[PDB]
Every structure is written in C-alpha cells, then in structure tokens.
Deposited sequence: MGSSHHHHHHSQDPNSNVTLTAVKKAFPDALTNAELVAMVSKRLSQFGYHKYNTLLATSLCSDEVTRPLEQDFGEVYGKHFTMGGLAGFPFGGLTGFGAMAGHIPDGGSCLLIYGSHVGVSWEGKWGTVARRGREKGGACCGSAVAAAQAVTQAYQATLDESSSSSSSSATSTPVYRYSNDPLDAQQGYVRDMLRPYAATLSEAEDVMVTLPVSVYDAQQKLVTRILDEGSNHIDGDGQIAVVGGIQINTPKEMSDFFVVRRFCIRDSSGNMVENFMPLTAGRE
C-alpha cells in the first residue's frame, strides 16, 4: 500500500515491531540476556501511540522502567538511570530502548497519523513538531509546569538551520530528534557507568519509531544497537543490520 511504500522510500531499512523484537532478543540471547535476568528500560514519547513498542518488548523482558517524556528524550536523566540500575536482577543486565517517533498517514504523509476515535489526528510527534516550529521561526528571523517542552526546544535549536532547509521537514524532524536524543543518552550512560557493576552490562537499541494507522504494523528504524560493559566501554556493536 501507499503507507508501506512511503515508509520504505524514506527508510529502506525499517523493521516491523515484530521483526525488531525477534532480531534484538535473538542477538541478545547469545550474550546471556534472558527474561529473568534482564531489566527493560524505555525512553519513548509520552504519546499513547508509542505504547505498542513497549508492550512488544515487555512480552519478552517483562515490566519496564520508563526514562522518557516529551518527544522521547530520556528526561529521567542521571537519577532515573541510577534508580533503574539499582533494580537490575543480580548478575544481570539492562536493555534500553529509545527513540524519536513520527506518524505516517494512509496517504503516506509524514508527521501525522489517524488516531482512534478522531476524524483529525493532529501532529505526530506533537511535541517535536511544536518545538520545530518555535526554533525554525526564531531562526528564520535571521518551573516544572512546562519545563520539559522547554528542554525539547533547547535540544532542537542546533538543528534549526537543518530543519528550515529540509525538503520534507516531517521526515527530517525525527532524524534530528533522534540525533539530539542519542547524544543525551550517551552522556547519561557515560555519567552513570558507576551504577553498573562487574559483569553487568547495558544493551542499547536506539532509532526512529514509525507510527502507522492502527490496522497496520508499526515500524522502527534502528540507528544504534550495541552493548556496553560496566566500565562504560563498548563491547559489541551490531550495526549495521
């Protein structure tokens, strides 16, 4: 269909949720990640359409720790990571799944997707799109109440030039949000490596979550898939797929 063709034109390497979970769990099983000894953590957007990915991994690794917030940034931060690390089964490891997301419609249009019970779905990712509008308009001019969305604007500001010049800003936006996210994730992992001990590891899957209409499988574009030791050193890199 139009939607699937659109998805694979923008991201030829995109996997279905089912393909992703099968691939990740199979690979990690060879490195001793099983259900009993793995704590799943996610950093995905607040938006309810991102839940299926959490459910799909949760079927394999159980109830997850949530690090995310608006646009999928790991707002739980250093304290959240340390808390999570203190929950890892003894002698076990963590698996962190993070990413931006974007909707694609029945017409193959990016930045929006039909939502249950609504005639108009609005923006997807709403947070990222609003932040994009704010930073690009500021550019083209060449308190916890709302603090998170403030941070999203802050982290997207370096991409303002990139966004304004983009052929399709709605495909470029989630790529930019992912790049901003992966930098923050790296920093948290570097700062929090003290919380992982001995042969404990952290496996990381990062990329772009693609939300399609409910009658269709969602997709995920993997950009990072690797394993880090307790010292913070990369031990395995599974990219490219």
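Taking the deposited sequence as numbered from 1, list the residue ranges that were left without C-alpha coordinates. Several regions go unmodelled: 1-16, 159-180, 280-284.
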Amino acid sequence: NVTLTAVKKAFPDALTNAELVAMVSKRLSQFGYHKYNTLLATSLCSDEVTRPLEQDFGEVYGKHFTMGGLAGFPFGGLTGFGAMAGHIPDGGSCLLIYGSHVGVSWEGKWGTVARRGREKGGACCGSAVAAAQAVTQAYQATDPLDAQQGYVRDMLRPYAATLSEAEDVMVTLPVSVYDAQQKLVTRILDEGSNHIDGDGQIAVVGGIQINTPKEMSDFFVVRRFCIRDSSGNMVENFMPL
From here on, numbers count along this sequence of modelled residues.
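Check the entry's C-alpha temperature factors for 124-132 and 105-113, then say which stretch has the higher mean. The deposited B-factors put 105-113 ahead on the C-alpha mean.
Can you tell me which stretch has the higher mean Cα B-factor, 24-32 or 170-178? Stretch with the greater average CA B-factor: 24-32.
Comparing recorded Cα B-factors across 137, 79, 93, 149, which one is largest? By C-alpha B-factor in the record, 137 ranks first.
Just to confirm, going by the entry's C-alpha B-factors, which of 145, 71, 156, 85 comes out highest? Among 145, 71, 156, 85, the highest C-alpha B-factor in the entry belongs to 145.
B-factor third for the C-alpha atom of residue 47 within its chain: Lowest third of the chain for residue 47's C-alpha B-factor.
Just say lowest, middle or highest third for the CA B-factor of residue 189 relative to the other modelled residues in its chain. Middle third, going by the recorded CA B-factors of the chain.
Please place residue 63 in the lowest, middle or highest third of its chain according to the CA B-factor in the PDB entry. Residue 63: CA B-factor falls in the middle third of its chain.
Grab the CA temperature factor for residue 224 from the record and place it in the lowest, middle or highest third of its chain. Answer is lowest: the recorded C-alpha B-factor places it there.
Going by the entry, which third of its chain does the Cα temperature factor of residue 216 land in? Top third by C-alpha B-factor.
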